[PDB]
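In: here is the sequence, then the experimental structure:
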4 protein chains.
Amino acid sequence: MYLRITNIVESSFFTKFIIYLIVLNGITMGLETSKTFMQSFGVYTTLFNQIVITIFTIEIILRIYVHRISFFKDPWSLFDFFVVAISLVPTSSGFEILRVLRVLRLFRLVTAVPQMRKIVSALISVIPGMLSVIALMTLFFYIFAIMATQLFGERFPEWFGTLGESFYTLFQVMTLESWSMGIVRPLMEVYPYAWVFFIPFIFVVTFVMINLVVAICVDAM
Amino acid sequence: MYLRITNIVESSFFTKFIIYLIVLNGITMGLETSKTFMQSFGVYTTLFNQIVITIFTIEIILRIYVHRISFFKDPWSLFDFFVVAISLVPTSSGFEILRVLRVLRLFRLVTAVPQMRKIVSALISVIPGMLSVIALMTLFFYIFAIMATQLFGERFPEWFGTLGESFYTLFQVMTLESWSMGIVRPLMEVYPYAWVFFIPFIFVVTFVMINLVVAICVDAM
Amino acid sequence: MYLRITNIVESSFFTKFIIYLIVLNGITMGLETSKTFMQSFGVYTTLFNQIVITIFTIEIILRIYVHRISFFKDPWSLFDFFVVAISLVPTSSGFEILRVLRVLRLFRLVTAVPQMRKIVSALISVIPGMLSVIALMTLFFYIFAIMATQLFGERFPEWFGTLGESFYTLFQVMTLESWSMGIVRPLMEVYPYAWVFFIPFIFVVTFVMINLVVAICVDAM
Amino acid sequence: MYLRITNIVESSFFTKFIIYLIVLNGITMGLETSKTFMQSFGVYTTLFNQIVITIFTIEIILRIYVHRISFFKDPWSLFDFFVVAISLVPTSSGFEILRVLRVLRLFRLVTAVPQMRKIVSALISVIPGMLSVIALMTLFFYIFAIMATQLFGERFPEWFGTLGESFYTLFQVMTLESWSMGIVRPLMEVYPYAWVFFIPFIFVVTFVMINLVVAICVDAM
């Protein structure tokens, strides 16, 4: 029966059918959002969901047979696998994160549809040639975060009282959001030289970003 | 008479004249702004308005005869058409949106004048080679908008209570405006892990935009 | 005597002497800033100023003789001329703008010193191939500014009650500063669809900027 | 014994060992952050600190013998030298700045590890080809800082009362943070034309930065 199913799976109708449900369930997720719609077509949608997830487990099963080991070595199928598994976990139990994470299946539309795979693929290919810099940066944040925690955490618990607190704040300063009016001016009210810690941080972190950008452009060209 | 008129439309004086009015109506449009001016040269300008729209419906007609089917296949013509059309809709009735959209006619200066067309044409030519990414992103915003609405809309109605409110807020976060001080810090007051939903979102969204820019730059090369 | 002076001006000592005073007066301007220093070396500096400006008028005079018409056709000398003229205007009379504008002479250091001329020259060379786009943009702002003045100036006098008010605000939105929390969220409290006017504005204005950037990189390469 | 030691320093185990401690002291540095941890493994870590700095002064010495004059001519060596030196300065005395600067040792991980050196080296190599612009800009900030101080320092002490306060504020405006809502709008409440000093400043500063980026990108190509 292998080739029998292998012809169903490998078929056109099959994919088109799946890609059909994606956009269908996708639209349903947006309506499941409305408190009103839920009072009307409430159940209609709830059932439509259990249906799709079933149809999708069947599909993922068929695909594994038709691909055996190859499947669990294909990034795209792996995703499809993991994304459907989450959707499988009972509506209740544990936290509703999983209940929310289910919407991640709409990402199935990137997998199932070529071109999308193309862009995503092209974007990710760039990541590798950025890890050296990304690593440099994380070391940088780690070092400055530890320094900030012990330089301002005492009098500024909210923004630097912790290593993670400091990580968050330093990240914020990097995006340049409210860094002066929101964090450094207030800080200088107690530590007049805090600017000696942040301006440099801003320069180094900005310079890198600039370079990083350059890299991608020049390397792609 | 075809060739008779066709020689008027195709004439220099014709274009130069139309371009003359554009800049004139254009200038008079900025005075129509002054509460004071409107108390003096008020009517002068009002009449001058009906005059220009007249002359312009004339011009648009002639052009259609001299071009027939070709006119309604010319992007620039079409624009000129739809922009003068609006300007035609009666001063009253419905809403004043239309009454405001009239100023869109000053865009005719991009049409009537070469060079401007080159830039607009050059800018737009790039759009098509961005649709794969723009689609990817929209999908992304859609998925995260749904998640956010069901994760923070209960306690944060203003920013996430709705799918559309969430779209707006997520766009704001993308432009990085007030994302930390104004949205995420407050959010973490109730949801300590909210940073796990927004930092990644900021990374993905930022990465893409970076790439997209590379593309505009690389492809032009 | 021409060649006599033409040998003084054209000399090395001459330039080095001028470039010397620049950095000298430059440092003096930074001290003239201190309320304290002004209570001590107050006059010392005030005289040192009248001296330099004199020495500089002499210099600019010599240069004109040694160059005649060529002078008033050299951008760099013209600047030097205009910048010294302002410094000439009496300390009193009119407004102190001129009194402040005097500090513009420190820009003499860009003129007098090569390399600086080089960079400035290279930066400005780019401007020309940006005017088409810059023009497009100014038209854009003009049109949207007029629209905003008549769409929100009534209920938001501070930010849109005027054509110029609107120009300023729209510029702010372009730099993306407080555009949502600061201007559009508040605006939507009265005009729920204001986002339909600003998001597009943000996209168009951002797209252009992105392109503009690309241009310079690609054209320079 | 030269070659005897020279074979230890030059050995793999030597480097791997040093790199081992870096990551160890590194990890222990993030725990030294926890108020709690310090109440438990408090001393454990404290002693482990004196141990590492010891081992490191040893390592730095050996290296100097095996390299002599070459050591104090190696940027990376020098860094390792000056970073361990600080870490040597007694826990007490003077200020704890030094006590905090100790964490800078984790930067040794950039030194001791190749690849990291490549990036840092690659990033820095670009700096030199930016000094002409960086000089131009600094001149610019200096001139505008002086002007601003004498134009708004009287009524706006916090942001412009001083040459240095002005430097800080102008830098903030350059990063575009809160420049309108937080600085210029308030300013215009007393000085209606302040927009004539800041928009141009924003244009010049933005233009340059754009170019500077082009340079990093173009030159790498």
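Out: Received it, and whenever you're ready, just let me know what you need. Numbering: from 1, shown residues only, chains lettered A, B, ... in the order given.

In: got the buried residues for the helix or strand in which residue A:24 is found?
Out: Assigned by DSSP states H and E, residue A:24 falls within helix A:12-31. Across helix A:12-31, burial judged by 16 or more other CB atoms under 10 Å in any protein chain shown covers A:18, A:21, A:22, A:25, A:26, A:28, A:29, A:30. Any C-beta I mention is one placed from the backbone N, CA and C, and that applies to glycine too.

In: contacting residues around the fourth one?
Out: Contacts here follow CB atoms under 8 Å, 6 or more residues apart in numbering or on different chains; on that basis residue A:25 touches A:48, A:49, A:52, A:105, A:106.

In: how about 7 Å then?
Out: Counting by CB atoms under 7 Å, 6 or more residues apart in numbering or on different chains, residue A:25 touches residue A:52.

In: centre of the chain to the helix holding residue A:24, how far?
Out: Taking CA atoms, centre = their mean, to the nearest Å, one finds helix A:12-31 lying 21 Å from the centre of the chain it belongs to.

In: neighbours of residue A:91, how many?
Out: Using other CB atoms under 10 Å in any protein chain shown, residue A:91 has 11 neighbouring residues.

In: surely it touches residue A:99?
Out: Yes - contact criterion CB atoms under 7 Å: residue A:91 and residue A:99 qualify, at 6.3 Å.

In: picking up where we left off before, what's the closest of the buried residues of helix A:12-31 to chain D?
Out: residue A:30 (34.3 Å; CB to the nearest CB).

In: if we ignore the residues flanking it in sequence, what's nearest the residue of chain A found nearest chain C?
Out: The minimum distance from chain A to chain C, using CB to the nearest CB, falls at residue A:217 (8.0 Å). Nearest residue to residue A:217 in three dimensions, chain neighbours excluded: residue B:214, at 4.4 Å (CB to CB, 6 or more residues apart in numbering or on different chains).

In: tell me who's in contact with residue A:182.
Out: Here residue A:182 is in contact with residue B:181 (CB under 7 Å, 6+ apart).

In: next one: residue A:196
Out: Applying CB under 7 Å, 6+ apart, no residues qualify as near residue A:196.

In: was I right about the residue nearest to residue A:217 contacting residue A:218?
Out: No - under the contact definition of CB under 7 Å, residue B:214 does not touch residue A:218, with a separation of 9.0 Å.

In: tell me which of the two has more neighbours.
Out: The neighbour comparison of residue B:214 against residue A:218 (other CB under 10 Å) goes to residue B:214, with 22 against 17.

In: any buried residues in the helix or strand containing that one, and which?
Out: Assigned by DSSP H and E, residue B:214 belongs to helix B:195-220. Within helix B:195-220, the residues scored as buried using 16+ other CB under 10 Å are B:195, B:197-198, B:201-202, B:204-205, B:207-208, B:210-218, B:220.

In: in chain A, which spans are helices?
Out: Taking DSSP state H, the helices of chain A run over residues A:2-9, A:12-31, A:37-40, A:42-67, A:75-88, A:97-101, A:108-112, A:116-126, A:131-152, A:157-160, A:163-174, A:185-188, A:195-220.

In: would you convert those into CSV that also reports distance to residue D:156?
Out: Shown next, in CSV, are the helices of chain A (distance: least, CB to CB, whole Å):
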stretch, distance to residue D:156
helix A:2-9, 71
helix A:12-31, 49
helix A:37-40, 53
helix A:42-67, 58
helix A:75-88, 55
helix A:97-101, 48
helix A:108-112, 52
helix A:116-126, 45
helix A:131-152, 26
helix A:157-160, 26
helix A:163-174, 24
helix A:185-188, 13
helix A:195-220, 18
